[PDB]
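Participant: Here it is: the structure, laid out below.
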Amino acid sequence: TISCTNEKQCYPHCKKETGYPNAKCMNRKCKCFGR
C-alpha cells in the first residue's frame, strides 16, 4: 500500500479516508481502525 514507517504516518491517511484518525503503519502499509 502507501509507504510509511511510524503509525502517526497514517493519522491523516485514515482520517481523510474514513474519517477516523486511528491508523497504523506496518510494513510501509497503513490501516484504518475506524472502518
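Method reported for this entry: solution NMR.
The backbone N, Cα and C atoms fix where each Cβ goes, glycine too.
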Participant: In Swiss-Prot, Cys4 is disulphide-linked to which residue out of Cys25, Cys32?
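Facilitator: Swiss-Prot annotates a disulfide bond between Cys4 and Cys25.
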Participant: Per Swiss-Prot, which of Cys30, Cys32 is disulfide-bonded to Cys10?
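Facilitator: If we follow Swiss-Prot, the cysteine bonded to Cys10 turns out to be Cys30.
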